[PDB]
Structure formats: C-alpha cells, structure tokens
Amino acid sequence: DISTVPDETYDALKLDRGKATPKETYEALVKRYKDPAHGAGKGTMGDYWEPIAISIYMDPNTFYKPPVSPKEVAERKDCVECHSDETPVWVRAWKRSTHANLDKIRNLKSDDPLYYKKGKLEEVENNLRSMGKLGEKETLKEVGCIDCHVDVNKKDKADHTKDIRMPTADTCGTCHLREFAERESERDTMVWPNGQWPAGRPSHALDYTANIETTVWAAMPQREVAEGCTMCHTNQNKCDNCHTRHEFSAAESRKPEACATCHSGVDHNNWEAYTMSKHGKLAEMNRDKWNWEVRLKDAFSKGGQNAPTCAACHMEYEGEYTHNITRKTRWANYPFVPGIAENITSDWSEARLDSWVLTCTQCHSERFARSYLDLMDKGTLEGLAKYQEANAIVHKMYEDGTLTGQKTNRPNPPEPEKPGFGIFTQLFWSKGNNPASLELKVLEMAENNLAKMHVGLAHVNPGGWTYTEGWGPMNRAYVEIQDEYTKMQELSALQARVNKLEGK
C-alpha cells in the first residue's frame, strides 16, 4: 500500500490497495502514463506539427533516440570517467548528490531530521525488489548515470548509441513509486464538478498533454516560439523541473525559486505576486535561517520555517504533503473560465476552501484566514465583473461584424484552428486584422490582467490586484475599450452622414 496515493487512483487502475505489489502498482501507473488515450505521444493534433531538435529532451518517450556518436560500449564506471570532462559539472553535481551517496543515507540516525530519507531508501529498495531489479538481499549501491540513463541496477555494458535514454517520470518512478504515484494521482483527484477544465487538469500530471492539445501550439508555424511553451509544460514527461538534474536536491525543490521559471509572467504572475507579498518577502529575508533539507512535513517545526512557500502551501492537503498539487484548486488562475465563478460557492469549492483554511491556520487564526480568503474570492469576482462589462461591448461588435477589418482583412488562423472571437490563438498568431486591436485588448484584459489580479489576491500582494497588476491595468483596458467604442460609433455616424449625401 502507498498511504499517500488516493483511493480514486487505485480505483482508476483497478488495483486493490492492500494486495497490489509495488511492481503491479508501477506497471498499472506506467500503462496509463504511456497510453495515448490518456495524454501520451503527439496528441490529437500530431499531424500538424513535427518536433524540433530540443523536443527529444522535452518528450523523450516519443522522440528520443540516443546519439549516433560516440560509438562506445560502457560499464557503470566508464560513464563517470568519460563524462568527467565531456560533461564535467554533471559528474561533479551527481557525485555530491544523494544518488551518489546512498551509504550516507543508510547511516542516518533516527534523531537526525533527515532520517526519513533512510526509510525512503528502503522503500525504493523494496520497490526494486518487487520489480525484480534488485535482489532480496542486495542493497542498492548507487543511482548512477547508467541507472537513470540505461537501466536501473544495470550490471553489464551499455551501448552508448542504442541504450541511452532520457529519464522520464516513469524512469524515476521505477524507484520513486510513491512520488510518481502521487503525481499521477492528479489525473484522478482533479475532477471539476461541471467539467470546467478537463478531468485531471490543471495539473503537473497532464501539463504536456495540455500544451500539445492547444490548437495554436500545434497550428502556429513558429515552432521555436511554441517550444518555449513546451519548456514550461514538461513536468508530465520528466521529473527534474523542480529538483533539477543532476543534484536532484529535494531542498532545492522546496524553495519558491524552483517554481518560478514556469509559474510567472503575464497570465499567471505567481512568482512575482508571492515574492512581493509579505509571505514571500519574509521567505527572502529568512531563507538562510531555514533548514530546507527537512521535509515539508517538518518545515514549520524542525526547519525553523515561519513564512509560507509555494511548496508548503500547494503540496499540503489535510495535514499531509504529497506531489499532488490539485486537491485544493478552486479558481485555477483564470477567473473567467465558464463555470469557475459560478462554482465558487458550491459545496465542492467550500470543501476545498476548508482545506485552504487548514493550510493557513498552521499560522493565522481561522477568523483571519477566512476573512482574507473571502476578500480573495470577492476581489476576484469584482475583477471578473469589470472584464465582463468590457467583453460584452467588444463581443457585441464582433457579433455585429463591426470590429476593425472584421469583414475586409481578417484572415483565418492556421489549421486546425477555427476562426472565432477573442480566442487564445490570437495571443500567439495574428495576421492582418485577425485579431482586431479591441479584441486582443479585451482578451488580454481577462487572460493577463484579470488572471494576474486573481493571482495577486490569492498570494496576498496588494499592489498586485490594485495599482500595479489587476485593477489598474483592467481599468485602462476598460477606458481604452470604451474610448475606441465611442470613436468607432462617432465614425460610423459620420460615415452614415456621408452616405446620406451620396444618396442625394
């Protein structure tokens, strides 16, 4: 049994928690993980795009083949010897990593705050033994180049041109079954009441699927631009975006900075909002007092941590910490998504709010935490209302056919995209007057400013929903939309008068 894996996952895998061995749990996870029907491979728009050179690292299971050179056959020890100047720092960082020092992990004493790692090592060993990768009396000696890149516990020679792989989530999951299973459980715990987002989304388990199922990502010709999107969307495929290769430091993944390359920017400025909040500024000021090596479970006690971090808030659920980050999600960043605002008062949302309150009240009183979360919810709706008013204006012009260039210079987006009003495609593709400026403006009003407004509220950055992000920029968008609307009315009136004169 894996205590932190939800029942919904064993159910989806048709497994009995009590009986399923590690190997059976792993194989059932991997079968779903690799199934194209469940998000693997090129997805439904594969006919429209081809990988670029870096794509072999972004989705190795679909695209990676080992290098045709060097032509080498290598044992475990040979990897380090050659790579010590071929890829020097990989070797140096691997050498000081926990993976290269499993004996230090065995020798941890039960009073050491890092002792939990000895148990994790023994659980990995138990997993490997169930999978037949490790003898029952055989200790796991190390996790070296050849284990992740060729085969776990490989005893013989590997052909560099045939046997090298890029380690994907299922490769790590061979040993780290719990964490892989927790991550994959996002597929099973993130069911929206009304299909507001597809089942299992948003999540790290399906981030790449979500990327390659985005029409403009498949449709746009600028593949190197599109692959920037992919780089923020590889958690599904590989497990080294928070605790990076080759140190693979859990201490690193607990730092807010680990999330920031992806969770930042114009349509979700979580990094920016959190770091400007008092929480984040405390985390900056106190980062060198904290023992980031203790597990999240022990951060507030043994780690001396006294301000919340991304991991501490989002990996917590009902007193436990797991790799599943979906189970308290309510707004899912984009407040305008149909059904999200209407669902915010449901029992389903209220139970996730109660879970959020349990997170906050490790520190704040419940009265305080609820009074702020109420502010967050109402503030987000206040932003949504401002956008809805502006959208109703521009949408009406689209439906009436009066956007600039709408009937004279609005070419169709690239296949298989369908023409529409204010579609996501129009943020990454434009031609002629597709989109119109008013249309892009009101789309960005929701996609960027309303989103950042909600992120600022959710992460307690007051400037981030008032002056600087959120309300202020939405105010300008509203003003400019209303201004251009009035100019366009007055122009149409003038054209109507010139039409009268041409009728006489």
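The numbering used is simple: start at 1 and walk along the sequence shown.
**Student:** On mean Cα temperature factor in this entry, is 222-230 or 148-156 the higher one?
**Tutor:** Of 148-156 and 222-230, the stretch with the higher C-alpha B-factor average is 148-156.
**Student:** Where do the C-alpha atoms have the higher mean temperature factor in this entry, in 14-22 or in 477-485?
**Tutor:** Taking the mean B-factor of the alpha carbons in each, 14-22 is higher.
**Student:** Have a look at 263, 141, 187, 386 and flag the one whose Cα has the highest B-factor in the entry.
**Tutor:** Most elevated C-alpha B-factor of the set, per the entry: 141.
**Student:** Could you tell me which one of 418, 268, 367, 314 shows the highest CA temperature factor in the PDB record?
**Tutor:** The C-alpha B-factor peaks, among 418, 268, 367, 314, at 418.
**Student:** Going by what the PDB entry lists, where does residue 362 fall on CA B-factor within its chain: lowest, middle or highest third?
**Tutor:** Middle third, going by the recorded CA B-factors of the chain.
**Student:** Looking at the temperature factor on the CA atom of residue 461, which third of the chain's modelled residues does it land in?
**Tutor:** Its C-alpha B-factor belongs to the lowest third of this chain's values.
**Student:** By its CA B factor, does residue 209 count among the lowest, middle or highest third of the modelled residues in the chain?
**Tutor:** Within its chain, residue 209 is a lowest-third residue by C-alpha B-factor, going by the deposited values.
**Student:** Would you check the entry's CA temperature factor for residue 469 and let me know if it's in the chain's lowest, middle or highest third?
**Tutor:** Its C-alpha B-factor belongs to the middle third of this chain's values.
**Student:** Relative to the other modelled residues of the same chain, rank the CA B-factor of residue 59 and answer lowest, middle or highest third.
**Tutor:** CA B-factor rank for residue 59: lowest third.
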